[PDB]
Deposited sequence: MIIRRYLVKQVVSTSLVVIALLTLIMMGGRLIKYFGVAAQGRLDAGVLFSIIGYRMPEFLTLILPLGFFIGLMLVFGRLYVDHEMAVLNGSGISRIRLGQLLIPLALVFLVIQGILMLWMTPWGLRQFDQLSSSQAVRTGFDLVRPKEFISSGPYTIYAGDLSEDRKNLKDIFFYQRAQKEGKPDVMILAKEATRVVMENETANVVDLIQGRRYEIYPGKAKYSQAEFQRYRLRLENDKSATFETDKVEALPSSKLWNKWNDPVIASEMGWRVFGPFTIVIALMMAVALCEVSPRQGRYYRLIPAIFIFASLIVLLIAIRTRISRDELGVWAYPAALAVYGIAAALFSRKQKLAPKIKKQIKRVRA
């Protein structure tokens, strides 16, 4: 009954924290993308597919962070409302409570293993091909109102811009051909009430038509080729990466002891930085292994250090 109580509490609070962290972390990215889309450097209609294809990447970080934050929230709540003094006072240690959640940690480890091995590479492949499709925009696509845009041999001006990136106004185009049009609708663009000049040829018109990664490879191709340092680094990241859930469990068990007066949230900020130290160390380890400087063994090395530290701190 105590295991079910803890599992339900941790699952509920961890899902709440995962939803909050997802909302925050990819709301920041979505706002940044909309900012890029504000100058026309990215289609406004694809910035939702970008977030959809980067769901596994952000979830790869959120799931360990969400599990860790939810674990410390549950254990800190148990400490604050004196449910731990009656669990310890009945013979159930805090380590024993941490061991009762090993099945839940294994379930989260399986979920994040799926994320690391299948969903993250697939989402990154899709996002990379989409971004490569979005990197070819040039000319009238990058125009901004009341400004000069230079893209290769083209110089472009727009006096006004609609809410959507169509129906240009007060258009000035430079090559050498000079084209000035009152209106232009969109590269295939129909210019309305415009004048064309050549640098001396003048041709007025009423209408005119102007016609100016290893992080995403499937694990099937990465299971072998351990010799290549980049391939080895990525494959070790996908293999030893999911085991941050177990470290997030034995670290949340260690750093959750909080007083009723201090609060349920007292120890979250100091310990989120301790977990971020592990994640940053793993990213730095990945970068160095990609340069044939550290070797694949550095992943279990860091994982085993933070643990033997979390285990020693929980057993003092």
No C-alpha coords for deposited residues 1, 177-184, 196-203, 217-222, 236-246, 351-366
